[PDB]
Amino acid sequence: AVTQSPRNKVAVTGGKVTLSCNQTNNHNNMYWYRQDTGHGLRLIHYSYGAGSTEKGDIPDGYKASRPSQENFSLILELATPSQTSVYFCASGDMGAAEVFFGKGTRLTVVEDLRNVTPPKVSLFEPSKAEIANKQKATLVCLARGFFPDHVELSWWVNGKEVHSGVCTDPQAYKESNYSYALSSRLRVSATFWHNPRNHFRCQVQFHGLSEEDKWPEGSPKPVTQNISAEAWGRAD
């Protein structure tokens, strides 16, 4: 319905970050909000139609434009780590008090981009005790050391994304001052795990740098990327 872009973003203190929302509905109001822990949403500003953006609750370090009634764009002229947040866009009308929301932009603001690094994904295979004694086999995926925590974890059994029998940490653990950790459990039937032909892959999608960004380092650039650990069903 509504879309935003980028959906993730790293910035350095001092950034031309402009988030851009578009409602291919026909709504005449367009809203930019941010969600930080303890607030549900706080409005920054909004446009009542193509033309004039007006103001909001949090307009400080944020400006906006409404070049189209189907595009409302928020700018952070000079970044600051206080603007590290999740940003939601909305589009509204007078048909109802109900409003329509974009999916999210995760913006993290750092002092040194060298800290942005993709995760280490490890897939831990089921227990002998577990299989034998409880006739079930939990594999455990664990991603350590990534920065920032713009990620999404997904299991993939034999090429198909799976959800049944998957339970995953709600939020990411601050392992250290940068490295984040995240874990996830996939339980299945021992008869299924023993099949030597069933292929389990845990994939972490990580959202690092935009290729428009500079990375003069001795190591590879931490762009957006999938990183998986795989394992096949064994017999003993």
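One rule holds for the numbers: they count along the sequence shown, beginning at 1.
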- Query: Comparing 175 to 183 with 58 to 66, which has the greater mean CA B-factor as deposited?
  - Reply: 58 to 66
- For 104 to 112 versus 129 to 137, entry-based mean Cα B-factors point to 129 to 137
- Query: From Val157, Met94, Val151, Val86, which pick has the Cα B-factor that tops the rest in the entry?
  - Reply: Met94
- Task: Using the entry's values, work out which of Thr80, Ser122, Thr117, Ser164 has the largest Cα B factor.
- Result: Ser164
- Of the three thirds of the chain ranked by Cα temperature factor, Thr37 occupies the middle
- So, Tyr46's CA B-factor, relative to its chain, sits in which third? The highest
- Message: Could you place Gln203 in the lowest, middle or highest third of its chain by Cα temperature factor, using the values in the record?
- Response: lowest
- Going by the recorded CA B-factors, say which third of the chain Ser219 sits in, lowest, middle or highest. highest
- Task: Would you check the entry's CA temperature factor for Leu142 and let me know if it's in the chain's lowest, middle or highest third?
- Result: lowest
